[PDB]
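Participant: Mind having a look at this structure? Questions to follow.
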Amino acid sequence: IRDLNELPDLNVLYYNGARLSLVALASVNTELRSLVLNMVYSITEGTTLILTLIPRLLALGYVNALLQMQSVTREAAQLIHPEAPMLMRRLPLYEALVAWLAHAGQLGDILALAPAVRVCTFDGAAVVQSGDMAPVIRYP
Amino acid sequence: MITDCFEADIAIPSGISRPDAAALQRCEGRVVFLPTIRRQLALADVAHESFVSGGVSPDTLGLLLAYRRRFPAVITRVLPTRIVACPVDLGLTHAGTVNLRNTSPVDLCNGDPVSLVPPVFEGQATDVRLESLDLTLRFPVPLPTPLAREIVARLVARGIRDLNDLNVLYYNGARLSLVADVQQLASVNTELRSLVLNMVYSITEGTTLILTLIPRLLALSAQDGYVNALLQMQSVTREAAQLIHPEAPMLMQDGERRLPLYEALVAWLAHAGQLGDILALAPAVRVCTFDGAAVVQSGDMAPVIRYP
Amino acid sequence: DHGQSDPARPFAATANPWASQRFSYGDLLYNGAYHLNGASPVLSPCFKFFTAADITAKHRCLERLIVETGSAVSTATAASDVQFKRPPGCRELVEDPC
Amino acid sequence: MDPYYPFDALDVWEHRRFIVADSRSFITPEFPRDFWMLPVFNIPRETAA
Amino acid sequence: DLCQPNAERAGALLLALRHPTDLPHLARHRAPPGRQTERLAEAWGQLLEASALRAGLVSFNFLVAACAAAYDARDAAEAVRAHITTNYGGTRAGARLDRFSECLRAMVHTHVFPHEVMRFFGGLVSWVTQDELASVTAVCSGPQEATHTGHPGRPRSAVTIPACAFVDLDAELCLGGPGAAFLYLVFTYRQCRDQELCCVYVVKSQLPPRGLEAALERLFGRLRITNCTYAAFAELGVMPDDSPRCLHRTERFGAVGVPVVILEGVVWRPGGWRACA
Amino acid sequence: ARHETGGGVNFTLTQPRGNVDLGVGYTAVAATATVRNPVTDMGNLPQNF
Amino acid sequence: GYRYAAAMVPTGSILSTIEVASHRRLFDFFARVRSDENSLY
C-alpha cells in the first residue's frame with residue numbers, strides 16, 4: 001500500500017530470536033499487487049457504506065443508545081474526522097451491501113490460510129531446522 | 001469407532017403407514033439438525049414442531065439463526081426402526097466419506113465447500129410431511145458457498161428496506177430467483193446489530209491513511225482494465241470521491257515505532273473478513289469425489305471430506 | 001567477621017579490606033546474590049569464592065564431602081568458544097579441589 | 001440543571017468472582033424527591049447582639 | 001524452572017511456550033501509543049534472574065496461583081499458592097510467582113497478549129527428570145484413561161483441575177439436557193492504567209464453538225465495558241458421554257489439600273485461538 | 001513401545017533395573033594417574049563487564 | 001483400601017439384600033462401581 005502513494009521498519013521480522021528479511025523486490029511488488037488492489041478496495045467500499053448508513057438511520061430503539069455510546073470517541077469522532085475531509089436522485093445504497101459482502105466474504109476464505117498440518121514429534125527434537133524433515137500428522 | 005464416528009440415533013415412532021415409511025427411505029442422505037449430541041432422540045425433537053418458537057413460526061431469515069444453535073447431522077442409513085445420523089461437528093466417518101445429496105438446482109464442483117441453506121428458492125420449499133405422525137421435515141439445501149454467501153446477503157439487505165429487484169440471482173448462467181417473503185422485524189434486528197458491531201470494529205486509525213488513496217484508485221481504474229473491472233458499475237467509492245477529497249493528519253501519535261496500516265489490516269480481517277460466517281453458518285464440508293468427475297449434478301450423491 | 005582472627009592465618013583479620021568484608025568492593029561485584037554480571041555468558045572464575053549462599057548451604061560432613069568432590073559438576077563448558085557459564089541443560093563431572 | 005457528562009450510558013456484563021478493576025456507585029433514596037425537602041436553617045429568634 | 005512434573009501428578013494440563021527473546025522486540029510495535037514498551041524487556045529480564053536463583057514449559061497448576069489475585073472466592077486461589085512455594089523444584093518459586101505474574105501483567109500492558117504465547121501440550125502420562133531438566137511425555141491427541149503410563153501396576157490416569165478455574169455453563173443456565181460435553185480454555189483480559197488482571201478458566205459446555213462468544217458476552221461483558229479484545233478462547237477436548245461426569249474432591253499436593261474438580265473420560269482434540277476486538 | 005514416525009515404525013526397548021550399593025564404608029577408590037592435554041589455553045584474557 | 005484378592009475366596013455369604021447407599025453412614029470404606037473401573041486390576 002505504501003508503494004501506492006514506505007516505512008523505516010516493516011522489512012524486519014523476528015521469530016525464535018532469528019531475523020527475517022522480507023526484502024531479499026521489484027518483481028514481488030508487481031507480483032502481490034492484485035491482493036493490494038483488493039485490500040484497498042474492500043476497505044474503501046467497506047468504510048463508505050458505514051459512513052452512509054449510520055447517518056441514514058440512527059434507529060430509534062436501543063440500537064441508537066448502544067451504538068453512539070460505544071462509538072463515543074471511537075467511531076463518532078472518527079466519523080466527523082472523516083467527514084471533515086468529506087461530506088454526508090437516488091443512491092444505490094442497498095444494492096451494494098450485496099456486492100460488498102460477497103467480495104469481503106471472498107477474501108476471508110483466501111486470507112485465512114487454514115492449517116492443513118500439525119506436528120507431533122516423538123523421539124526427536126522439539127525444533128526441526130531448515131532442510132530437515134518433520135513428522136506430520138493431522139487426524140487423531 | 002466411538003472417536004471415529006458418532007452414530008446418533010433418531011428413533012422412529014410406532015404407528016407409521018408404509019407410504020410414510022417409504023418416504024423416509026427416500027431421505028437417505030439429507031441434513032438433520034440435532035439440539036444435543038445424545039445417542040437417543042426422537043423425530044419430534046428433529047422436526048419443525050421442535051423448531052417453532054413460542055407461539056410464532058420463524059421466517060427464513062430466522063430459520064438460519066436457529067440452525068447455528070444446533071448440530072448439523074447427515075443421515076447415513078434409514079433403518080425400519082430408527083434413523084442413524086452422524087454429526088458433522090465432531091468428525092465424519094472412520095475413512096471420512098459421507099454421502100450427501102444435492103437437493104439444490106445447482107451442481108457442485110470438486111473442492112467446493114458446502115454451506116447449507118433453508119429452502120429459499122421458488123418452487124422448492126419441499127417438506128416431507130408424515131401424516132401418520134403429524135410431522136413435517138424441513139430438509140435444508142446444500143449449496144456452493146459463494147451462492148450461500150450471496151443468498152444470505154440478499155436476505156439481510158431486503159430486511160433493511162423494510163425499516164423505511166433485489167431477489168434475482170445468477171449462477172453459471174442460470175437465472176434463479178428466491179422467495180420474496182415477509183420478514184420478522186425481531187429477527188432482522190439481530191442481523192442489523194451484527195453488521196454495526198462488526199463493521200465499526202474493523203475501523204482503525206490506519207483506515208484514514210487508506211481513504212486518502214481513493215483518488216488514486218479512480219485515477220487507476222481509468223488505466224487498468226483489471227481495476228476498471230474491479231470496482232463495479234454499482235460501486236460507492238466512485239461516487240464518494242467525486243464529492244469528497246479526503247486528506248490525512250500529517251503526523252501520527254508515535255507513528256514510527258508502531259505500524260499504522262498493518263494493524264488496520266489485521267483488525268479488518270478479524271471483523272470484516274469474518275463477517276460472512278457471522279450472518280450465515282459455516283462451510284464444514286467440501287466435495288472430493290474420487291474417480292467420477294469434476295461435477296456432481298443435482299439430485300445425485302456427492303462424497304464429502306471434512307473441511308475447516 | 002573482622003573482629004576476629006582468620007582461621008587460615010590467625011594473626012590477621014584479613015588479607016584485604018577491599019575484598020573480604022561484607023559490602024566490600026569485591027563482594028559488590030562478584031556476589032551472585034547482587035546479580036551484577038549475570039547477563040553475560042562469559043564465565044566468572046571467582047564467582048564461587050565470594051558467593052555467600054553456596055558456602056552456608058553445603059553440609060559439613062567430611063565423609064560425604066569427599067565423595068562428591070570426585071563427581072562435582074563444573075561450572076564451565078569445554079565446547080565453548082571462549083569460555084562460558086554452563087548451559088542449564090548440560091553437565092560435566094569434574095573433580096574440584098577448590 | 002442536569003450535570004455535565006461526556007457519555008450517555010452503556011450495557012456491560014459483569015461476573016461476580018471475576019470482577020477486576022473495581023469501582024463504586026451512588027445512592028438515591030426510595031421515596032419521591034417531593035418528600036425530600038429543601039434545606040432550612042432557622043435563624044434563632046434573637047442575636048447575641 | 002517454571003513447571004514441575006515431579007510435584008504435579010499424572011493427569012494435569014501442560015502449556016507449552018514460544019521462544020522468549022522475541023518478547024522484548026514485539027512489545028515495541030504492537031503497543032498502542034502511550035504505553036511502556038520497555039516493561040516486558042525488564043519484567044522478563046527479572047525472571048531469568050529469578051529462575052536462575054529455550055522454549056520451556058509451564059504446567060497448569062503453576063499458572064493458577066499467578067492469576068490467583070483476580071479470582072473471587074479466593075479461598076481456593078490461595079490454596080493453589082500454598083503448595084507451590086513448598087513443593088516445586090526451585091528456590092523461592094513464590095518469588096517466581098510474583099515475577100511470572102508480573103511477567104503476565106507485563107504481557108497485557110505491552111499488548112503482546114499471553115494467549116498468543118501459550119500452546120496446548122498434552123496431558124501428563126509420564127515424566128523422566130534429571131538435573132535441571134526433565135523428559136516430559138504427554139498425549140497430543142487421543143483419550144486419557146488407557147495410556148501406557150509406564151508403570152503397568154497403575155495404567156490409569158485421570159484429569160484434575162483446581163476449582164478456581166473450572167466454570168460450568170450447564171448449571172448456570174438451567175441446561176439440564178444430556179449430551180456430549182466440550183472443553184474450552186478461556187482467557188480474560190483487563191486493560192486499565194496499571195490495574196491489569198489475569199485469569200485462566202477451563203470452561204465445560206455443550207455449546208458449539210460458533211455459539212460460544214455470545215456466552216462470553218454474557219458473563220464477561222463486565223470487563224468488556226472497562227476495556228478491543230476482552231476474551232480469547234481455544235478448544236481443549238470432548239467428553240463423549242451422553243451424561244458428562246464430574247467430581248469434586250480435595251487431593252493432597254504434598255501436604256496441602258486443594259479443592260480439585262475431577263474430569264472423567266476426556267478425549268483430547270486441540271484447536272486454535274480467537275480474538276474478539 | 002511401538003510409535004510410528006516418518007513412515008517408519010519405531011520400537012523403543014527398556015529394561016527397568018535397580019541398584020543398591022551394599023558396601024558399608026568406602027568400597028571403591030578412583031585415583032588420577034596422568035594428565036593429557038590441558039584444555040583451556042592458559043591465556044591472558046581480561047574480562048569485560 | 002480394600003483387598004480384592006481376598007474376595008476371590010469369601011468366608012461367608014450375605015443373605016440379605018438392600019440398596020446399600022442408604023446406610024453409607026455405617027461403613028469405614030465404601031465404593032460403588034458402575035460396571036468395572038480401571039482400579040480393580
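Chain labels run A, B, ... following the order of the C-alpha cells; each chain numbers its residues from 1, and ligands are numbered from 1 in the order shown.
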What are the closest atom pairs, with distances in Å to one decimal, for each residue of chain B lying within 8 Å of chain A, using only C-alpha atoms, rows by chain and rising residue number, as CSV?

Facilitator:
residue,atom,partner,partner_atom,distance
B:146,CA,A:102,CA,7.2
B:149,CA,A:102,CA,6.1
B:150,CA,A:102,CA,5.8
B:153,CA,A:98,CA,5.2
B:154,CA,A:98,CA,6.2
B:157,CA,A:94,CA,6.2
B:161,CA,A:94,CA,7.8
B:166,CA,A:95,CA,7.1
B:193,CA,A:63,CA,7.4
B:196,CA,A:50,CA,7.9
B:199,CA,A:50,CA,7.1
B:200,CA,A:75,CA,6.9
B:203,CA,A:47,CA,7.5
B:207,CA,A:43,CA,7.8
B:208,CA,A:82,CA,7.2
B:210,CA,A:40,CA,6.9
B:211,CA,A:44,CA,6.4
B:213,CA,A:5,CA,6.9
B:214,CA,A:44,CA,7.3
B:216,CA,A:5,CA,7.6
B:227,CA,A:37,CA,7.5
B:231,CA,A:41,CA,7.4
B:234,CA,A:96,CA,6.5
B:235,CA,A:96,CA,6.6
B:236,CA,A:45,CA,6.2
B:237,CA,A:45,CA,5.8
B:240,CA,A:48,CA,7.5
B:243,CA,A:87,CA,7.3
B:244,CA,A:86,CA,4.7
B:245,CA,A:85,CA,6.1
B:246,CA,A:85,CA,4.5
B:247,CA,A:85,CA,6.1
B:256,CA,A:8,CA,7.6
B:259,CA,A:10,CA,7.8
B:268,CA,A:43,CA,7.8
B:269,CA,A:108,CA,7.0
B:272,CA,A:104,CA,6.7
B:273,CA,A:108,CA,4.3
B:274,CA,A:108,CA,6.2
B:275,CA,A:105,CA,6.6
B:276,CA,A:105,CA,5.0
B:277,CA,A:105,CA,7.9
B:308,CA,A:114,CA,7.3

Participant: For a quick test of understanding: name the residues of chain C lying within 8 Å of chain E when counting only C-alpha atoms, and present them as an mmCIF file with N, CA, C and O atoms, in the first residue's frame.

Facilitator:
data_model
loop_
_atom_site.group_PDB
_atom_site.id
_atom_site.type_symbol
_atom_site.label_atom_id
_atom_site.label_comp_id
_atom_site.auth_asym_id
_atom_site.auth_seq_id
_atom_site.Cartn_x
_atom_site.Cartn_y
_atom_site.Cartn_z
ATOM 1 N N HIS C 35 23.831 -10.175 41.768
ATOM 2 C CA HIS C 35 23.445 -10.468 40.399
ATOM 3 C C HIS C 35 23.824 -9.299 39.492
ATOM 4 O O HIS C 35 22.986 -8.624 38.905
ATOM 5 N N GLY C 38 25.332 -11.150 35.776
ATOM 6 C CA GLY C 38 24.523 -12.295 35.418
ATOM 7 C C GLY C 38 24.073 -12.315 33.977
ATOM 8 O O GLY C 38 23.740 -13.373 33.443
ATOM 9 N N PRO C 88 22.236 -24.458 31.135
ATOM 10 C CA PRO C 88 21.462 -25.144 32.164
ATOM 11 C C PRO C 88 21.270 -26.618 31.902
ATOM 12 O O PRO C 88 21.226 -27.397 32.862
ATOM 13 N N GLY C 89 21.150 -27.036 30.653
ATOM 14 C CA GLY C 89 20.944 -28.437 30.375
ATOM 15 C C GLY C 89 22.142 -29.306 30.679
ATOM 16 O O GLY C 89 22.061 -30.234 31.486
#

Participant: Near residue 25 in chain F, counting only C-alpha atoms, which residues have an atom at most 12 Å away, once you skip same-chain residues fewer than 4 positions from it, shown as number ranges by chain?

Facilitator: C: 63-64, 67; F: 21, 29

Participant: Go ahead and compute the interatomic distance for CA of residue 132 in chain B and CA of residue 85 in chain B, in Å to one decimal.

Facilitator: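 Result for CA of residue 132 in chain B versus CA of residue 85 in chain B: 22.3 Å, one decimal.
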
Participant: Mind pulling up the distance from CA of residue 120 in chain B to CA of residue 186 in chain B?

Facilitator: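 Going from CA of residue 186 in chain B over to CA of residue 120 in chain B covers 19.3 Å.
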
Participant: Give me, as JSON lines, each residue of chain A that comes within 8 Å of chain E, together with its shortest interatomic pair and the distance in Å at one decimal, counting only C-alpha atoms, with rows ordered by chain and rising residue number.

Facilitator:
{"residue": "A:14", "atom": "CA", "partner": "E:22", "partner_atom": "CA", "distance": 6.3}
{"residue": "A:15", "atom": "CA", "partner": "E:22", "partner_atom": "CA", "distance": 6.3}
{"residue": "A:16", "atom": "CA", "partner": "E:19", "partner_atom": "CA", "distance": 5.2}
{"residue": "A:17", "atom": "CA", "partner": "E:21", "partner_atom": "CA", "distance": 5.4}
{"residue": "A:120", "atom": "CA", "partner": "E:140", "partner_atom": "CA", "distance": 6.8}
{"residue": "A:140", "atom": "CA", "partner": "E:141", "partner_atom": "CA", "distance": 5.4}

Participant: Please, could you write that set of residues out with N, CA, C and O atoms as a tab-separated table (two decimals), in the first residue's frame?

Facilitator:
chain	number	residue	atom	x	y	z
A	14	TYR	N	11.04	-10.80	13.45
A	14	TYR	CA	11.75	-11.66	14.39
A	14	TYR	C	10.88	-12.86	14.74
A	14	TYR	O	9.71	-12.69	15.10
A	15	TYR	N	11.44	-14.05	14.61
A	15	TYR	CA	10.81	-15.27	15.09
A	15	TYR	C	11.90	-16.17	15.64
A	15	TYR	O	12.93	-16.36	14.97
A	16	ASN	N	11.67	-16.73	16.83
A	16	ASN	CA	12.59	-17.63	17.53
A	16	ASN	C	13.95	-16.96	17.73
A	16	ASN	O	15.00	-17.59	17.63
A	17	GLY	N	13.93	-15.65	17.99
A	17	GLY	CA	15.15	-14.88	18.09
A	17	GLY	C	15.93	-14.73	16.80
A	17	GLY	O	17.11	-14.35	16.85
A	120	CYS	N	3.32	-33.51	15.73
A	120	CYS	CA	3.53	-34.22	16.99
A	120	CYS	C	4.80	-35.04	16.84
A	120	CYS	O	4.74	-36.22	16.47
A	140	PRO	N	-6.64	-37.39	14.71
A	140	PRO	CA	-6.32	-38.06	15.98
A	140	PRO	C	-6.48	-39.58	15.89
A	140	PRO	O	-7.29	-40.14	16.64

Participant: Which residues are close to residue 5 in chain E, i.e. within 8 Å by only C-alpha atoms, leaving aside same-chain residues fewer than 5 positions away? Reply as a list in words.

Facilitator: residues 59, 127, 134 and 136 of chain E

Participant: Neighbouring residues of residue 247 in chain E were defined as those with any atom within 7 Å, considering only C-alpha atoms; residues of the same chain fewer than 3 positions away were excluded. Please report them as a ChimeraX atom specification.

Facilitator: /E:261-263

Participant: Could you list, as an NGL selection string, every residue within 10 Å of residue 12 in chain F, counting only C-alpha atoms and ignoring same-chain residues fewer than 3 positions away?

Facilitator: (:A and (123)) or (:F and (1-3 or 9))

Participant: Can you pull out every residue within 8 Å of range 19-27 of chain D, counting only C-alpha atoms, but drop anything in the same chain fewer than 2 positions away, and send it as an MDAnalysis selection string?

Facilitator: (chainID D and resid 14:17 29) or (chainID E and resid 70:72 190 192 195:197 222:223 226)

Participant: Those same residues, written as an mmCIF file, in the first residue's frame with N, CA, C and O atoms?

Facilitator:
data_model
loop_
_atom_site.group_PDB
_atom_site.id
_atom_site.type_symbol
_atom_site.label_atom_id
_atom_site.label_comp_id
_atom_site.auth_asym_id
_atom_site.auth_seq_id
_atom_site.Cartn_x
_atom_site.Cartn_y
_atom_site.Cartn_z
ATOM 1 N N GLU D 14 -21.050 -8.359 33.836
ATOM 2 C CA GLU D 14 -20.030 -8.482 34.874
ATOM 3 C C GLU D 14 -20.281 -9.743 35.692
ATOM 4 O O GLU D 14 -21.336 -9.881 36.320
ATOM 5 N N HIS D 15 -19.313 -10.658 35.687
ATOM 6 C CA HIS D 15 -19.387 -11.840 36.537
ATOM 7 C C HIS D 15 -18.961 -11.498 37.959
ATOM 8 O O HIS D 15 -18.190 -10.563 38.183
ATOM 9 N N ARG D 16 -19.460 -12.274 38.923
ATOM 10 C CA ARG D 16 -19.218 -11.963 40.330
ATOM 11 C C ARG D 16 -17.775 -12.230 40.746
ATOM 12 O O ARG D 16 -17.118 -11.339 41.297
ATOM 13 N N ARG D 17 -17.265 -13.438 40.496
ATOM 14 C CA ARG D 17 -15.947 -13.805 41.003
ATOM 15 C C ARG D 17 -14.835 -13.123 40.216
ATOM 16 O O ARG D 17 -13.726 -12.925 40.728
ATOM 17 N N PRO D 29 -32.475 8.011 47.513
ATOM 18 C CA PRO D 29 -33.447 7.389 48.421
ATOM 19 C C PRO D 29 -34.568 6.698 47.674
ATOM 20 O O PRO D 29 -34.668 6.799 46.446
ATOM 21 N N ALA E 70 -7.018 -12.425 41.016
ATOM 22 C CA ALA E 70 -8.124 -11.897 40.233
ATOM 23 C C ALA E 70 -9.290 -12.874 40.146
ATOM 24 O O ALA E 70 -10.173 -12.694 39.300
ATOM 25 N N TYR E 71 -9.341 -13.811 41.102
ATOM 26 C CA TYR E 71 -10.415 -14.810 41.256
ATOM 27 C C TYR E 71 -11.224 -14.498 42.538
ATOM 28 O O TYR E 71 -10.641 -14.240 43.592
ATOM 29 N N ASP E 72 -12.556 -14.502 42.436
ATOM 30 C CA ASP E 72 -13.470 -14.147 43.550
ATOM 31 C C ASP E 72 -13.625 -14.909 44.900
ATOM 32 O O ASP E 72 -13.662 -14.256 45.942
ATOM 33 N N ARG E 190 -7.987 -7.514 31.035
ATOM 34 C CA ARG E 190 -8.495 -6.314 31.690
ATOM 35 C C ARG E 190 -7.479 -5.208 31.447
ATOM 36 O O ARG E 190 -6.433 -5.180 32.100
ATOM 37 N N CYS E 192 -6.476 -1.614 31.832
ATOM 38 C CA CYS E 192 -6.590 -0.333 32.507
ATOM 39 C C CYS E 192 -5.191 0.181 32.812
ATOM 40 O O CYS E 192 -4.194 -0.531 32.659
ATOM 41 N N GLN E 195 -3.869 -1.145 36.404
ATOM 42 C CA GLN E 195 -4.766 -2.071 37.097
ATOM 43 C C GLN E 195 -5.151 -3.129 36.070
ATOM 44 O O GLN E 195 -6.202 -3.054 35.432
ATOM 45 N N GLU E 196 -4.290 -4.127 35.920
ATOM 46 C CA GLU E 196 -4.487 -5.173 34.935
ATOM 47 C C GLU E 196 -4.462 -6.522 35.630
ATOM 48 O O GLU E 196 -3.574 -6.818 36.434
ATOM 49 N N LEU E 197 -5.451 -7.339 35.305
ATOM 50 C CA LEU E 197 -5.618 -8.629 35.941
ATOM 51 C C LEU E 197 -5.465 -9.725 34.900
ATOM 52 O O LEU E 197 -5.614 -9.502 33.694
ATOM 53 N N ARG E 222 -18.666 -7.746 31.552
ATOM 54 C CA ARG E 222 -18.266 -6.842 32.625
ATOM 55 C C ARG E 222 -16.907 -6.214 32.345
ATOM 56 O O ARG E 222 -16.734 -4.999 32.499
ATOM 57 N N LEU E 223 -15.929 -7.024 31.929
ATOM 58 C CA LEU E 223 -14.627 -6.471 31.573
ATOM 59 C C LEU E 223 -14.645 -5.848 30.184
ATOM 60 O O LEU E 223 -13.721 -5.112 29.828
ATOM 61 N N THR E 226 -15.162 -2.102 30.756
ATOM 62 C CA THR E 226 -13.936 -1.477 31.233
ATOM 63 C C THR E 226 -12.851 -1.436 30.163
ATOM 64 O O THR E 226 -12.003 -0.538 30.196
#

Participant: Residues of range 45-231 of chain E in helix (DSSP H, G or I) according to DSSP, as an MDAnalysis selection string?

Facilitator: chainID E and resid 45:51 60:66 68:70 77:82 84:87 93:109 114:116 209:211 213:219 222:226
